[PDB]
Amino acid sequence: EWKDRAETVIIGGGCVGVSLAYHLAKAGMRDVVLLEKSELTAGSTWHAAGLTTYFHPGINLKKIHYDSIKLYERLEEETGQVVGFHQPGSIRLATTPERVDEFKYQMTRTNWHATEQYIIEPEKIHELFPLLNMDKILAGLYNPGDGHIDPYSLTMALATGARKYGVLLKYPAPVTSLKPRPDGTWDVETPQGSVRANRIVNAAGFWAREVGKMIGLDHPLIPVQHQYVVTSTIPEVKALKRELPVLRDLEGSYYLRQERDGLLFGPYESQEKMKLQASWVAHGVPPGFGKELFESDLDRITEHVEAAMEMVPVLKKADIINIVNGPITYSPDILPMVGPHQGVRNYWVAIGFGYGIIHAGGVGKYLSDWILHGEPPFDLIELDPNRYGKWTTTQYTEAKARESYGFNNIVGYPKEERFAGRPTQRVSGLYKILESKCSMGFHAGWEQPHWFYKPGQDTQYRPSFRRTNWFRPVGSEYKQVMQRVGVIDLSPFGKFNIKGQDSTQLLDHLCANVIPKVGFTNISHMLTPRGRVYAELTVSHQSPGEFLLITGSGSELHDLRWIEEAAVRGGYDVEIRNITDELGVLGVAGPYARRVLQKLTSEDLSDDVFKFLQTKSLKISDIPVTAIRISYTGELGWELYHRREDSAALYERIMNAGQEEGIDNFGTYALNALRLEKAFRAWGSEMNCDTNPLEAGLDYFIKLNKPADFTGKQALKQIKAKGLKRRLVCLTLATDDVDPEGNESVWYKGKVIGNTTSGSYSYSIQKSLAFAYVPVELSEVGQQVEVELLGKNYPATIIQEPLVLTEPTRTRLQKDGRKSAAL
């Protein structure tokens, strides 16, 4: 049976594609067609070791893991197929004090999630895994009720479920070409016939890049090699009544599990030693590859084999049955690309899975929800397909994938920095000027200063779970901005120009704030139909009907995609241009900001003439700039929008003009300190698709009664009338040597009641500041709670925000006070 017309065509029949097909149809979508080149599981899926753990070091990916595991538990009763899901639990091993710290870090990040997770003692570990060498074990990170699954049986079960709900799965039926239509639908060609599809989804494993090239896209993926070793029966293992838990020996860099009555273990060897398929990127995947392995290579993993033999002694006497060497499809940062793709209509991807077996279930549900409802069910911008860009070259991808492979089990510190592939091409002249003067941070391809070196203080990367070498420098930079004037490179912003006949009306319906009048700027949010915060933008009305929109580097294409889809879906006639890479931006902030800049322009920068949030085009020392009086520091300041080629010159002229004022640099770490004191929310931390703007405390920017029927308007009215269950608040807390950064558990009377979203040290009050979600009944100023940082609870107090009033507020207070006193 062939369907010539489909609602959705899924390309690829690995666990990921089949999971998506199952979910879409289970949720009621008719005419789902999956096309598979040869047979189900023919890519990476069939050879996988099948490890499926509740553990993830991130945040919302925990939900993907959780959803997969709960699904895999249900599949047998649903389909009649046994999936071979072994659930003995999983233990990550710590042998160093720093790894014990990593576990404590991970615990505070996990106690506000449903994920059941514990730090356990050597005694408990030996009881669970009695064939373990306890020599050097200090602790374990334990998730009960997870383990490993048969990837073949799992896929078959999902296929059976899919067919039950009406999915047509066709194989062999390789997609050979894909052509878009003007109405946004698709023509799909296979040797078995063609399909007209309303949408297409790429889930083609290590052919994902070949599939994307069919529609003119270059997906940044590369197949890496990975090996596990399987042993024959081991008498001691056979003799066990209970199945052994899955282990990860982190110091040894391998995982290990029971396989029948023997053992299976997989190393992640070093960057220098690991192999990857650069030839497949250069020349394509070889035709006829399929259900196939690479030649085994025991030699390159020797160190980890020897490590395993000392850690689990019985491996010394065991024989090797098999060594499985097979391809895994990696993206640069190890995480998949999951979602709708910018720049092409109705094309979705689920590609680049480093851990597809654990992810397939949860991602299938997530992506099904997004397709069916028009918004992500929860925030997973860390998987966004369009976090990558033109800077993500094949060279970059190869180096970064090699790094992500080798770093599989290194200690994960906060404020982690990785250096492979850097710097990319995404830099101005300012990079060369500043690079030796500061610690450059990586953000969506850009190099952005985090903090600036001080003479006689350590300039090295020194990652830590506690305060480290940038602590004093950051305080210096805070003082610089508060007392004098600082310059910061803000060039990484996403930047879009919107004009054309319907520009105002498009923005008016996308955005929850009013649209600013010509010559003015405001802060405005793009909400989802359910009233979630998809984006926070700064909107500048530069000339009649022509706007500049500014967003964070991490949200550039995520936000552009949403805008472009709304425009075409709504029949709006506009011109949208992504000028992100055309422009640099310098922030000049602090009480001397006006004095310095006034020396360089005929434009009147006085308080009464150049008002807060005005935007004007002018010249700074003959360099054309668009200047907005605004600053995320909350001090007096202008953001100076200019051509990238002029960045180095503009910076030089400002720094020379500010010498008398003691002008100096500041970076993003100090910026975070400053914005937190002002209680400024950050998209991605305080709000995202998980939050409505009312619980986030963004109501000042929300105009529920503006005429335009903006997206999310009705949902938000309902939310407001019903009343909030939680609220974002600001906490202060004394600590000894560690500051909150967000994602930490908040406790009250022995129970977890919320979480921090961001944090800093406040140098002005000499204690820590954090934003946090807490129940509304526990959200009053003066309320006491506790924040869990590295295995210790610190008393915290809700404060009246902001800690420090902004410059415009202070200026208004003085102006009003003088007027009143003059009576």
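Counting begins at 1, following the sequence as shown.
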Selected stretch [higher average CA B-factor]: 757-765 or 30-38: 30-38
What stretch has the higher average Cα B-factor here, 157-165 or 320-328? 320-328
So among 708, 511, 597, 201, who wins on Cα B-factor in the entry? 708
Highest Cα B-factor in the deposition, which of 668, 501, 578, 691? 501
Cα B factor band for residue 47 (lowest, middle or highest third within the chain): middle
For residue 556, return the chain-relative third of its C-alpha B-factor as stated in the PDB record: lowest, middle or highest. lowest
If you rank every modelled residue in this chain by C-alpha B factor, which third holds residue 182: lowest, middle or highest? highest
Against its chain's modelled residues, does residue 475's Cα B factor rank lowest, middle or highest third? lowest
Where does the C-alpha B-factor of residue 265 rank in its chain, lowest, middle or highest third? highest
